[PDB]
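Following: one structure in structure tokens, then a few remarks.
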Amino acid sequence: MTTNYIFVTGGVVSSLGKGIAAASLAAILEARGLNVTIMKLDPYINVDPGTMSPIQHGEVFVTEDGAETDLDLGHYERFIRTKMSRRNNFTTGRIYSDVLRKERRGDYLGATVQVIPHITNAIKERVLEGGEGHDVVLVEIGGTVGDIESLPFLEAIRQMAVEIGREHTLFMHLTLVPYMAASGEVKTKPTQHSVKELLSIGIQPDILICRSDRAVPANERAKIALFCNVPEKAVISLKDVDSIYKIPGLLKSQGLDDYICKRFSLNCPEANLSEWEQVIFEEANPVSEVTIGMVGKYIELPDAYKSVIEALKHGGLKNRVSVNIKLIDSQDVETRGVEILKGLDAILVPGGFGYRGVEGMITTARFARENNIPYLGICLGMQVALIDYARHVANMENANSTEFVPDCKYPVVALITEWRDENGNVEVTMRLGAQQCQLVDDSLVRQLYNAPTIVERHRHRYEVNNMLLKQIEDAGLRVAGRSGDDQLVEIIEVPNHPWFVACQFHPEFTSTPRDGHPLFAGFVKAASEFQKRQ
Amino acid sequence: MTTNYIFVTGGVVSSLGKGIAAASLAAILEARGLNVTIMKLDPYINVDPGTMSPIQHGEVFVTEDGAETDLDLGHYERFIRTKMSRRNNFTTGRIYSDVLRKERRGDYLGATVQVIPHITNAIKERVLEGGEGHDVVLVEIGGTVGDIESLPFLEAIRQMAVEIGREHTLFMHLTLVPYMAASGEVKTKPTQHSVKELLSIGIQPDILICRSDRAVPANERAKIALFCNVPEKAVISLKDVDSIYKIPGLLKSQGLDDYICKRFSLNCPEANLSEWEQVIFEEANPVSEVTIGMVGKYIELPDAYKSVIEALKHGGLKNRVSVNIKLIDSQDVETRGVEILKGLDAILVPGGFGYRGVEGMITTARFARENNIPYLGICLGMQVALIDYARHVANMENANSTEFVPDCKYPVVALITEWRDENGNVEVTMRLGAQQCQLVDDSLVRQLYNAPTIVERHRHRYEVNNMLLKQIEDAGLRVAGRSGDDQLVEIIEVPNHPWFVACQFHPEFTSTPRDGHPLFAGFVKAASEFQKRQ
Amino acid sequence: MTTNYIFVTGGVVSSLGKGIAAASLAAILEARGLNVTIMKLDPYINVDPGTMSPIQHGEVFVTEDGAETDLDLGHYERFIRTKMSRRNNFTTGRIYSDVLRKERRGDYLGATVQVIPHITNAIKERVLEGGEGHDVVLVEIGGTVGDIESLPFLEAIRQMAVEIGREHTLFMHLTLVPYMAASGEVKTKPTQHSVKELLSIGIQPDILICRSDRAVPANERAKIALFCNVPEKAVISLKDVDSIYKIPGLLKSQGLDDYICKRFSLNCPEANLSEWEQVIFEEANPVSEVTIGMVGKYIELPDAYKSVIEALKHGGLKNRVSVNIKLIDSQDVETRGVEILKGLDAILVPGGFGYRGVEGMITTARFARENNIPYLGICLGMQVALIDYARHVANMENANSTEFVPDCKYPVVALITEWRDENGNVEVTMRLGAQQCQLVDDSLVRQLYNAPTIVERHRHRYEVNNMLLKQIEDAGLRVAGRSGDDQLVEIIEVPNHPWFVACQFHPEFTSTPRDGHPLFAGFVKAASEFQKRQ
Ligand SMILES: Nc1ccn([C@@H]2O[C@H](COP(=O)(O)OP(=O)(O)OP(=O)(O)O)[C@@H](O)[C@H]2O)c(=O)n1
Ligand SMILES: Nc1ccn([C@@H]2O[C@H](COP(=O)(O)OP(=O)(O)OP(=O)(O)O)[C@@H](O)[C@H]2O)c(=O)n1
Ligand SMILES: Nc1ccn([C@@H]2O[C@H](COP(=O)(O)OP(=O)(O)OP(=O)(O)O)[C@@H](O)[C@H]2O)c(=O)n1
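Protein chains in written order, with the deposited numbering: chain BBB, 1 to 428, 438 to 543; chain AAA, 1 to 428, 438 to 543; chain AAA', 1 to 428, 438 to 543. A prime marks a further copy of an entry chain.
What follows is the structure, encoded as structure tokens:
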């Protein structure tokens with residue numbers, strides 16, 4: 001039980017799919033009974049993605065331990081069963097923060113603190129932390145080799161390879177092998193120049209993963225094998241694919257996992273990818289099609305809703321339904337009205353912060369509730385569902401969240417400390442990561458989850474106001490799930506409706522292609538049943 | 001006045017179209033009344049392409065002065081009217097041969113001969129020799145920047161830029177800006193890394209020519225401008241095109257020629273590209289279509305017949321005929337028979353050396369003659385036409401070339417020194442470049458060329474045997490052209506045929522898209538007339 | 001068994017003593033009973049040093065086979081007993097000449113000839129030719145790593161290391177570790193940057209030879225070991241020394257030969273360096289001192305007479321005489337007179353071509369003969385001795401060489417084809442390498458060499474004119490040695506003189522510190538005897 005490390009780097013361009021490649025390889029190794037994990041080294045200065053805007057860098061992924069991480073850890077958890085934590089993602093900012101803190105504590109004993117060895121040492125320590133207790137650790141190095149931003153990471157993993165040795169370390173380098181119409185051939189020259197940059201900083205690649213818009217032929221792979229001084233079997237073709245679920249099979253068919261198990265002297269049975277083959281089959285053979293509207297305030301970058309989009313796809317797989325995801329700007333509902341929500345088989349309102357576009361989401365929730373269109377609200381999607389029902393059924397004029405209208409008469413959503421009734425009377438911070446939720450008997454979610462308790466992940470400040478809840482309950486709304494000593498509302502259901510569910514937690518973070526998710530499976534099923542009625 | 005130099009380099013990949021880009025820019029500058037020339041610096045060790053196989057290198061192009069050169073000089077002569085010579089193309093091989101000859105002789109006076117300064121000095125001397133006496137000299141550096149083979153060339157042109165100054169030198173660097181489906185954007189990172197390699201060898205690019213399979217948008221051009229420290233108008237998009245004739249217009253529309261004229265302080269009128277607009281109009285508006293079979297022994301690389309393929313296209317422009325060029329392996333005629341010559345409106349047998357596939361070409365010549373299918377034979381194409389007629393009409397059994405069957409009874413083709421009749425009685438080396446040919450009255454070619462004398466370019470050793478010619482003439486074959494004191498046969502015609510012409514010279518080398526060529530215009534017209542008769 | 005290769009490279013500066021280091025290591029390995037050889041790869045374009053001036057390049061060394069080579073092959077033959085040939089030295093010029101000859105001929109079968117693989121293949125072929133049939137082959141790469149001139153050599157030896165493997169190849173890299181008064185320490189940063197340049201071209205050094213003006217301490221060697229990823233015992237201190245004969249001992253004391261034998265799995269006994277210890281003892285314990293004047297025309301670079309200077313030192317070892325070598329410009333004898341030849345215990349006139357300074361050498365030869373000062377003339381030194389005697393004893397007015405005065409009345413020195421007497425009557438090119446010489450009975454050289462025949466090496470065109478010889482013999486000059494069928498004069502002696510010898514051959518090329526040389530031993534002894542008589 002010596003821990004093995006696969007260092008995953010990228011050359012020529014950034015957008016090679018280093019994360020998907022790492023996750024896909026990890027999936028093959030896990031299917032051989034190996035204990036595998038993945039970690040992402042990000043050369044950005046942000047202490048963590050917590051601050052990074054959804055519009056700029058896509059969704060903030062939440063691990064069970066409540067870490068705010070890169071969306072790549074979503075890819076990792078959708079490919080392997082090993083649970084991600086704070087240890088599986090860190091930035092240059094984190095490393096510099098670590099070292100600056102160690103200096104304050106006096107750990108360096110008045111020594112001059114240097115990129116080598118002190119920054120490189122801090123990097124190695126965090127890689128070992130995240131890696132130890134596993135058979136194989138895949139370490140994705142963000143950036144493009146030759147850029148200055150990743151030089152400390154590359155020096156750190158170079159040192160690790162010398163210490164640990166070539167028996168228990170491999171360098172897997174992704175490269176672009178682009179097609180030129182002029183020559184009717186894919187070109188290895190960019191790979192030649194990228195590998196030279198790698199050699200210049202003291203790294204010899206063991207494995208070349210050749211990215212192209214088509215198969216990289218044996219002739220070109222043999223050319224790369226010779227100039228890199230690696231076996232031809234260590235040069236892998238990874239063409240553009242219509243589904244990332246195919247990549248594990250494509251890598252296995254070229255025997256990449258065999259090469260890795262040989263290099264690390266790992267005796268394990270053949271990879272059983274039957275579950276991945278099933279996912280590919282399901283995706284390729286939908287029985288019917290549905291159009292589901294995702295009404296949010298960050299649609300300008302789809303990666304803002306990465307896990308929600310994948311969760312809707314996984315809902316399709318389990319129902320053998322093709323899901324047409326129509327990304328709708330909630331602000332367009334405010335200006336152009338409810339006419340742009342026509343021709344939808346179901347409506348999803350995802351998570352978000354700030355008031356911009358929220359009134360459009362409240363209108364969207366009302367439209368879905370009144371017209372019996374299947375509805376799933378996530379976090380902000382539950383708030384607007386509660387606000388809708390408060391205003392338009394419970395007759396709480398201008399009911400809102402204190403996040404949006406602090407001095408509103410009916411703050412149906414607010415921080416626990418702000419909880420007040422309509423008369424301003426009172427009783428007597439961000440919730441992050443996994444928490445147990447108690448499901449109410451005879452609720453739809455109790456039926457779908459088939460358990461009295463569930464574990465789902467939070468990323469929110471503002472709660473359902475329990476002081477104004479009973480008046481909304483009396484108006485017909487049903488509490489389907491609660492959590493903690495304060496009995497905070499986790500799930501609500503509108504019962505006089507074919508399928509209307511809204512939750513505080515982020516169910517998209519526990520959805521996988523192989524296992525699906527009870528809420529998303531139920532939601533897409535309801536969408537198909539609605540579509541058949543129309 | 002002062003001679004200006006544009007050094008044309010390429011990064012990321014070899015196959016950027018550096019020659020086409022240089023030729024297209026030269027076309028714009030010529031259309032502004034400037035005296036422009038182009039030269040090609042090839043990093044190969046071959047003293048010249050004379051030895052290099054067509055299937056390895058593409059066609060050997062022949063200049064008027066009889067130099068054997070890169071096919072790029074064909075691009076140059078098809079875009080500008082400045083005539084190419086030996087001075088417009090040289091290899092590393094030529095430079096080392098020059099320096100070794102100077103050294104072993106004693107020109108260096110017992111000095112140590114070094115890459116710097118002696119190899120770089122030899123390079124600069126040949127660039128000056130080709131350039132001086134022109135307003136603008138475009139110098140294409142073969143290879144990809146970063147490779148070791150072009151480092152001496154790049155050091156040479158770096159020194160020239162220092163000596164001459166930034167007032168009369170520009171660095172124009174072609175780069176690949178490839179599209180990634182993953183990012184949905186073209187990627188500048190390869191340009192970033194390529195420019196870094198240029199800077200490391202002391203070259204700052206003035207102009208970036210951005211190659212891609214689509215337009216490089218203003219936002220990406222703005223990024224390249226900033227990281228290269230060049231004006232935005234010095235960053236040019238050159239997307240993949242269906243027609244190279246459009247490239248002059250594409251570059252002019254982005255003001256590339258304006259920027260160059262400003263940098264070199266050239267006061268000249270706006271480029272009138274009406275001649276190129278006309279070529280584009282002709283090409284886009286064909287009246288009819290033909291299929292012309294090109295039957296040869298080098299079809300595995302189409303660039304083996306680069307100038308012939310372009311000459312057929314030019315023949316189409318002048319007739320408003322779309323030419324579908326079907327490359328047919330002459331060895332397939334030997335094995336599968338004349339079956340594979342079905343559905344052709346005309347047949348062209350191009351040049352070649354060695355006996356492999358020649359019997360297939362003789363069979364092809366016979367097929368075209370007997371079935372009244374328009375035929376054009378070039379060099380070897382004339383040999384197989386003469387052999388066909390000698391064997392199958394003049395009843396000269398197994399008539400051949402001494403190149404193929406040295407001891408044959410009827411050497412109808414042979415070296416002048418080998419000339420013998422069928423009884424072995426006799427009379428009492439490579440022809441290269443332009444030579445006057447005298448056309449015979451009442452010949453098809455005398456009408457087509459509409460002149461008593463023409464100038465065409467040779468690349469051949471083996472002549473028509475004048476000792477056996479009179480017997481072939483008596484059998485009905487006509488001599489249509491002669492040259493020199495030995496009265497060597499240059500053109501033959503089969504009169505009892507709609508269009509049957511074969512020439513010793515290479516007419517494809519004097520064909521241009523603007524001027525066309527009388528022989529190819531006549532050939533494609535005959536192909537159109539045959540197609541209509543069917 | 002399997003041939004082992006040690007690739008010897010240099011970084012930071014050129015003048016590291018790569019040749020001396022290679023030769024000194026080879027000496028240790030030979031003293032362990034191994035069959036060892038050395039070869040020099042020069043990045044100069046000169047086909048060979050035959051053209052290169054002595055004042056530019058240093059002496060042209062001549063091997064037994066008559067190859068004109070780098071003076072480093074003199075270092076090699078003075079450290080190991082393995083005889084050098086044409087195979088032990090080649091230039092970039094030779095490689096390009098080889099490849100151009102192969103190309104223009106037709107060995108590459110119409111292929112494109114490229115730096116990689118064709119130039120690198122030609123390099124590897126010549127390394128194999130020189131190396132195969134030896135236990136250990138030391139391959140010295142001329143130039144400084146990072147320079148463009150040696151990139152093909154470094155790529156060639158990189159490929160060899162991959163092909164042969166790390167079991168039978170080592171990279172030994174010389175580096176400068178310079179002392180800074182400011183820091184009071186030697187600096188490893190230049191070694192760091194040099195090794196980075198090696199890594200960028202795909203070479204990992206196995207051994208670091210650290211050059212400095214003092215010992216590189218264990219702490220600095222430990223730093224170099226870590227950043228190069230080599231054992232501490234693979235990092236060697238080679239400080240500046242007063243005697244190159246000490247370097248074998250210095251390297252052995254640090255176990256360099258032990259590390260090499262271990263890496264190559266050579267089981268051989270410990271190096272016995274007693275022969276080198278004896279040379280060091282002799283050198284350190286002289287009994288008397290002499291001043292020997294070397295009067296020539298290339299003294300502006302002492303390396304012009306490298307082997308002659310070493311041969312005089314070896315003459316000192318055998319006699320326990322400390323030799324003070326005073327380099328005197330022969331042109332200063334022409335201007336200032338024989339004043340500048342005062343206080344000399346002996347006079348040596350070495351080889352040379354052209355008339356500049358020759359009259360000064362004739363005056364020098366006369367001075368030594370008339371004043372009974374021991375004289376040794378080598379090649380030109382023999383010519384000026386013959387001319388001196390012809391003019392001033394045999395009364396042949398203005399006697400000269402045809403090289404200097406072609407139409408002179410008494411051409412006592414001339415080409416065999418030019419041989420004429422004073423009346424213009426006649427009888428009815439460069440001699441290179443080892444030739445047998447027959448020594449005459451009762452001659453000084455017959456006693457010194459203690460054999461009737463000797464083998465010495467030539468580099469000359471102009472011979473003693475046998476037509477005018479008998480008259481010079483009658484005047485008292487003695488012929489002491491002859492060669493060949495033409496009975497060419499090899500050695501002359503002035504008998505009425507304590508020690509006056511002059512030879513056509515270059516005896517300095519067969520002198521070694523261990524074996525000495527009979528002629529130089531006799532010369533230095535005569536110098537000592539003259540000094541005592543004063
Ligand atoms: N470090 C290197 C490696 C290769 N070459 C040169 O690269 C040329 C071949 O380049 P190219 O024609 O672009 O082909 P490939 O290297 O095969 O590249 P690609 O796969 O992109 O076609 C050869 O002449 C060789 O001398 C070089 O100069 N320096
Ligand atoms: N010499 C350089 C230049 C840039 N960067 C880094 O490159 C990153 C951006 O790279 P990428 O995301 O690939 O985008 P672009 O550079 O815009 O490249 P492309 O046009 O290919 O997307 C930045 O974080 C910057 O710190 C670097 O490390 N070293
Ligand atoms: N980028 C360069 C620059 C120079 N050279 C080579 O460097 C050699 C000269 O190096 P060297 O003898 O060390 O002399 P200098 O360069 O003058 O260095 P120094 O001042 O240290 O003596 C020349 O043959 C030249 O071809 C090279 O290969 N690449």
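Ideal Cβ placement from N, Cα and C applies to all residues, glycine included.
(request) Could you please give the first and the last residue of the uninterrupted alpha helix (DSSP H) stretch that includes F79 (chain AAA')? (result) Start and end: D72 to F79.
(request) Provide the residue span of the beta strand (DSSP E) that contains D329 (chain AAA'), from first to last. (result) Counting along the chain, the unbroken beta strand (DSSP E) around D329 (chain AAA') starts and ends at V321 to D329.
(message) For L199 (chain AAA) and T175 (chain AAA'), what's the separation of their Cα atoms in angstroms?
(response) One C-alpha to the other measures close to 27 angstroms.
(message) Whether or not the segment 82-90 of chain AAA' and the segment 60-73 of chain AAA' are in contact is what I'm after, with contact meaning three or more pairs of Cβ atoms, one per stretch, closer than 8 angstroms; do they touch?
(response) Taking 8 angstroms as the limit for Cβ pairs, the verdict is that the segment 82-90 of chain AAA' does touch the segment 60-73 of chain AAA'.
(request) Mind the definition here: the segment 167-184 of chain AAA touches the segment 519-537 of chain BBB only if three or more C-beta pairs lie below 8 angstroms; say whether that holds. (result) Taking one beta carbon from each stretch, the segment 167-184 of chain AAA and the segment 519-537 of chain BBB have fewer than 3 pairs nearer than 8 angstroms; the two do not touch.
(request) Report buried or exposed for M361 (chain BBB), applying the criterion of at least 16 other Cβ atoms within 10 angstroms of its Cβ. (result) Classification of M361 (chain BBB): buried, given that the 10 Å Cβ count is 16 or more.
(message) Taking 7 angstroms as the cut-off, is the C-beta of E149 (chain AAA) nearer than that to any heavy atom in ligand 1?
(response) At least one heavy atom of ligand 1 is nearer than 7 angstroms to the Cβ of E149 (chain AAA), so yes.
(request) Check the Cβ-Cβ distances between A111 (chain AAA') and every residue of chain AAA, and say whether any is below 8 angstroms. (result) At a cut-off of 8 angstroms, the C-beta of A111 (chain AAA') has a neighbouring C-beta in chain AAA.
(request) Label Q513 (chain AAA') either buried or exposed according to how many other C-beta atoms from any shown protein chain fall within 10 Å of its C-beta, with 16 as the threshold for buried. (result) Around the beta carbon of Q513 (chain AAA'), 16 or more other beta carbons sit within 10 angstroms, so the residue counts as buried.
(message) Taking 7 angstroms as the limit between beta carbons, can you name the residues of its chain near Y44 (chain AAA), skipping five residues before and five after?
(response) Excluding the 5 residues flanking it on each side, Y44 (chain AAA) has same chain C-beta neighbours closer than 7 angstroms at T91, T92 and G93, in chain order.
(request) Can you give me, in chain order, the residues of the segment 185-218 of chain AAA' that have a beta carbon less than 7 angstroms from any beta carbon in chain BBB? (result) For the segment 185-218 of chain AAA', the set of residues with a beta-carbon nearer than 7 angstroms to any beta-carbon of chain BBB comprises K196, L199, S200 and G202, in chain order.
(message) Any beta carbon of chain BBB sitting closer than 8 angstroms to that of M172 (chain AAA)?
(response) With 8 angstroms as the cut-off, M172 (chain AAA) does not count as an interface residue toward chain BBB.
(message) Comparing C-alpha positions only, which one of AAA':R468, AAA':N459, AAA':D421 and AAA':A460 sits nearest to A443 (chain AAA')?
(response) Its Cα nearest to that of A443 (chain AAA'), the residue AAA':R468 stands out among AAA':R468, AAA':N459, AAA':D421 and AAA':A460.
(message) Once DSSP output is grouped into helix, strand and coil, what is the label at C512 (chain AAA)?
(response) In the structure shown, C512 (chain AAA) sits in a strand (DSSP, three-state: E or B).
(message) Against chain AAA, with Cβ distances strictly below 8 angstroms, would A365 (chain BBB) count as a contact?
(response) It does not: the Cβ of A365 (chain BBB) has no partner Cβ on chain AAA nearer than 8 angstroms.
(request) Note down, in chain order, all residues in the segment 141-174 of chain BBB with a beta-carbon under 7 angstroms from any beta-carbon belonging to chain AAA'. (result) Hits within the stretch, in order: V162.
(message) Is the beta carbon of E155 (chain BBB) closer than 8 angstroms to that of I80 (chain BBB)?
(response) Note that the C-beta distance between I80 (chain BBB) and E155 (chain BBB) is not below 8 angstroms.
(request) Determine the extent of the alpha helix (DSSP H) in which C228 (chain BBB) is found, giving its start and end residues. (result) Start and end: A218 to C228.
(request) Taking only the alpha-carbon atoms, compute the straight-line gap between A311 (chain BBB) and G352 (chain BBB) and give it to the nearest angstrom. (result) Rounded to the nearest whole angstrom, the CA to CA distance from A311 (chain BBB) to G352 (chain BBB) is 17 angstroms.
(message) With a threshold of 7 angstroms on Cβ separation, who are the neighbours of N372 (chain AAA') within its own chain once the five nearest residues in sequence on each side are excluded?
(response) Taken in chain order, the residues that qualify are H506 and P507.
(request) Compute the distance between the beta-carbons of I95 (chain BBB) and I116 (chain BBB), then report whether it is under 8 angstroms. (result) The answer is no: Cβ separation not under 8 angstroms.
(request) Flag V13 (chain AAA) as yes if its beta-carbon sits less than 8 angstroms from any beta-carbon of chain BBB, otherwise no. (result) True, the Cβ-Cβ gap to chain BBB drops below 8 angstroms.
(message) I'd like to check one pair, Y375 (chain BBB) with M396 (chain BBB): are the Cβ atoms closer than 8 angstroms?
(response) Contact: no.
(message) I want to verify the contact list: residues of chain BBB whose CB lies under 7 angstroms from the CB of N229 (chain AAA'), in sequence order.
(response) Simply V162.
(request) Determine which residues share a DSSP beta bridge with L250 (chain BBB) and list them. (result) In the DSSP assignment, no residue is bridged to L250 (chain BBB).
(message) Contact criterion: CB-CB distance below 8 angstroms. Does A26 (chain BBB) meet it with respect to chain AAA?
(response) No, no contact with chain AAA.
(message) Please classify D388 (chain AAA') as buried or exposed, where buried requires at least 16 other C-beta atoms within 10 Å of its C-beta.
(response) With 16 or more other Cβ atoms within 10 Å, it is buried.
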